[PDB]
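**Student:** Below is the structure, and that's it, no one-letter string:
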Ligand SMILES: *[C@@H]1O[C@H](CO)[C@@H](O)[C@H](O)[C@H]1NC(C)=O
Ligand SMILES: *[C@@H]1O[C@H](CO)[C@@H](O)[C@H](O)[C@H]1NC(C)=O
Ligand SMILES: *[C@@H]1O[C@H](CO)[C@@H](O)[C@H](O)[C@H]1NC(C)=O
């Protein structure tokens, strides 16, 4: 039983707590009885979709269901309870939110693309710096002029431990853009969804003029 | 029955979807029969923190229920039933989340205080003109470098209709601060919450340095001759 | 066989290809023997750092053997063979460098810390953006004033595929350093190592004066009343 806990990025991106149950190393048995349950074993929410053939060269299914938000936010456990003849007993591989961690709010610092990149003019990379968050999960998206970009446009690194603070984690998000989009001056906004934020999302924006000084526009116009 | 459907400000700020069907204008008795019938008539949840015996004689039956957000977002019909001991006919009040209202995002513009106000150096007001949003309520909150301010320090306006654009709404939110805090450059972030933004929440930032234009356009021409 | 190939970070930092093996998930129980093939049958040398008996792979041993740097590239097939009550004959766990990969030169940027970090004054994070490479674990090593900094101070991202590139990949390397150390000059340099580099190393430097303009030194001074 490899039932997946509802990761926070999935429950924030879809606004629906999906608890799935992909039973790995399954056989050629389509009679799998996936009977979901909790510790309060009543009004159980069954699956709604069936998966297909997987890299294990057999037939498997999924146990995707819609649960409420505040049960997992409180810490209510769930068990897929895969009742099968191959298992000797239905395995009670429960999934929940084990609490007991601190809640450090991330501080996102939008790093503009380097001047060495902008001289090469073939591309530009804007790196969001999500750092100092004690739960590991962040859901980072990029929005340009108020409209979110494609998921293929940006890549978010998996959160790795911070050097100085062991409890805090850092993460990265690179948005690769063409250089002429950057010299246009369009504002690129980084939205970071991490749970310790008071509004549960912070937006910071970046544009070519955010490194320029506000008061003095000191130009250097050459002459013959 | 003074039934109050949950607005967005109660749900977003609390993070809790609580519904109230408080009965009023009747002396407090043991005739509490509110049961929160769903679209199928199923019961939901009991109520604990009942109302008081006011001079107006309000009933102590609040009908608080921590109803699921994943149940309320579908917007199905909720009917309150009050099967009174004297009157067996229930007081049927239907309520559902309205759907099909045209989702337009707010255009939060945070306006710094006027120079005529900063000349007084006694109280400064910072206003966010959340404007252009059509689906009814918005929740405006003020944070200062990640620390939210007290609700007794800011007052948001009620959502009034837009002057020129039909079917929209606008909402002000002022923040009465002192000019020492404004002059020291303390960043004030008006953050709004509305179910029409792409991420349902946007923030805007204001500083003393935000309003200053490029006052000194130095043009160092060299090697002319 | 739990064989760990020495990736290019190991063969660059230690200057020696260390043929890490283990008897994990082998039916051998006690007094294991290690055998290695250089594809001519002559590669094995028993080394130190032998781990001890734990319930998975009892009486374990590593298969570390110092074969030169050219050979791993030249594609010697490397198997770790134990002759006991586990399988002695099949040694199909043969691992060498892949023969043809799209070698792409890591064109590396040093992104200076954002001004918000320097305004927080607690720490300054310098990211060594490495983009465009076969992921040979570019060994992104950080040296300040010639001497290498500690491996604890810098954290390097595992390589992840580039979004707008088919066979190029990116990496990141953050050196978390104090804000006072950044302000006072203190060039932090960044070397990133890869096979596709012409000298196997490119380096870049960053400072407070890196993003500053060079012909004009424009300052701004308040005589505040
Ligand atoms: C600021 O200087 C740049 C330098 O080329 C110029 O293009 C721009 O028009 C200037 N803006 C203002 C507002 O003076
Ligand atoms: C600022 O100076 C630049 C000199 O290159 C000039 O082109 C621009 O028009 C000036 N802008 C203003 C607002 O004076
Ligand atoms: C201008 O130059 C002086 C000394 O020549 C230096 O102290 C100062 O930092 C420079 N200004 C800026 C903005 O770096």
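**Tutor:** Looks like it arrived, so ask away. Numbers count the residues shown, from 1 in each chain, chains lettered A, B, ... in the order given. Ligands and ions are numbered 1, 2, ... in the order given.

**Student:** OK, contacts around whichever residue of chain A sits closest to ligand 3?
**Tutor:** Here the residue of chain A nearest ligand 3 is residue A:213; by C-beta to the nearest ligand atom that distance is 9.2 Å. For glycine as for every other residue, the C-beta is placed from the backbone atoms N, C-alpha and C. Residues near residue A:213 by C-beta atoms under 8 Å, 6 or more residues apart in numbering or on different chains: C:218, C:220.

**Student:** In chain A, what residue spans correspond to helices?
**Tutor:** Applying DSSP state H to chain A gives helices spanning A:8-13, A:69-74, A:115-120, A:179-184.

**Student:** Of these, give the one that comes closest to residue A:48.
**Tutor:** helix A:8-13 (15.6 Å; C-beta to C-beta).

**Student:** Can you point out the buried residues in that closest one?
**Tutor:** A:8-12 (16 or more other C-beta atoms under 10 Å in any protein chain shown).

**Student:** Next: stretch A:128-148.
**Tutor:** A:128-135, A:137-144.

**Student:** In those residues, find the pair that's most separated.
**Tutor:** Applying C-beta to C-beta across those, the maximum distance is between A:134 and A:144, 29.9 Å.

**Student:** Pretty sure residue A:202 sits against residue A:191.
**Tutor:** Yes: Residue A:202 is in contact with residue A:191 according to C-beta atoms under 8 Å; the separation is 7.4 Å.

**Student:** Could you report the separation of whatever residue of chain A ends up closest to ligand 2 from residue C:150?
**Tutor:** Per C-beta to the nearest ligand atom, residue A:219 is where chain A lies closest to ligand 2, at 4.0 Å. According to C-beta to C-beta, to the nearest Å, residue A:219 stands 43 Å off from residue C:150.

**Student:** just residue A:157 next, same as before
**Tutor:** 22 Å.

**Student:** what does residue A:179 give?
**Tutor:** 36 Å.

**Student:** for residue A:28, same thing?
**Tutor:** 54 Å.

**Student:** now do residue A:96
**Tutor:** With C-beta to C-beta as the criterion, residue A:96 and residue C:150 are 38 Å apart.

**Student:** in stretch A:169-182, what's buried?
**Tutor:** Neighbour-count burial for stretch A:169-182 [16+ other C-beta under 10 Å]: A:169-177, A:179, A:182.

**Student:** Run the chain-centre distance for it.
**Tutor:** Offset of stretch A:169-182 from its chain centre (C-alpha atoms, centre = their mean, to the nearest Å): 16 Å.

**Student:** does it come close to chain C?
**Tutor:** Yes: judged by C-beta under 8 Å from any C-beta of the partner chain, stretch A:169-182 and chain C are in contact via A:170, A:172, A:174, A:176.

**Student:** For the closest residue to ligand 1 within chain A, which non-adjacent residue is closest in space?
**Tutor:** For chain A and ligand 1, the shortest gap (C-beta to the nearest ligand atom) falls at residue A:217, measuring 3.7 Å. Spatially, and ignoring its direct neighbours in sequence, residue A:217 is nearest to residue B:214 (4.3 Å; C-beta to C-beta, 6 or more residues apart in numbering or on different chains).

**Student:** Which two among the buried residues of stretch A:169-182 are spaced furthest apart?
**Tutor:** A:169 and A:179 (31.6 Å).

**Student:** Centre of the chain to stretch A:45-55, how far?
**Tutor:** With C-alpha atoms, centre = their mean, you get 22 Å for stretch A:45-55.

**Student:** what do you get for stretch A:201-211?
**Tutor:** Worked out by C-alpha atoms, centre = their mean, stretch A:201-211 lies 21 Å from the chain centre.

**Student:** which parts of chain A sit against ligand 1?
**Tutor:** Within chain A, the positions lying close to ligand 1 (C-beta under 6 Å from any ligand atom) are A:217, A:219.

**Student:** Tell me the residues of chain A that contact ligand 2?
**Tutor:** A:217, A:219, A:221.

**Student:** Quick one: which of the residues you listed is the most crowded by neighbours?
**Tutor:** residue A:217 (15 neighbours; other C-beta atoms under 10 Å in any protein chain shown).

**Student:** Can you give me every residue that contacts it?
**Tutor:** B:214, B:216-218.

**Student:** hmm, back to that, what is the nearest of the residues of chain A next to ligand 2 to chain B?
**Tutor:** Using C-beta to the nearest C-beta, residue A:217 comes nearest to chain B of the residues of chain A next to ligand 2, at 4.3 Å.

**Student:** Tell me the spacing between the closest one and chain C.
**Tutor:** 10 Å (C-beta to the nearest C-beta, to the nearest Å).

**Student:** likewise residue A:48?
**Tutor:** 32 Å.

**Student:** That residue reaches residue A:64, doesn't it?
**Tutor:** Yes: applying C-beta under 8 Å as the test, residue A:48 and residue A:64 come out as touching, 6.2 Å apart.

**Student:** Show me which of these two is the more surrounded one.
**Tutor:** residue A:64 (18 against 10).

**Student:** Quick one: residues contacting that one.
**Tutor:** Here residue A:64 is in contact with A:18-21, A:47-49 (C-beta under 8 Å, 6+ apart).

**Student:** Just the buried ones from those residues?
**Tutor:** Among these, those buried by neighbour count (16+ other C-beta under 10 Å) are A:19-21, A:47.

**Student:** from the residues you listed, which ones fall inside strands?
**Tutor:** A:19-21 (DSSP state E).

**Student:** just those residues that are near ligand 3?
**Tutor:** Applying C-beta under 6 Å from any ligand atom to those, none is adjacent to ligand 3.
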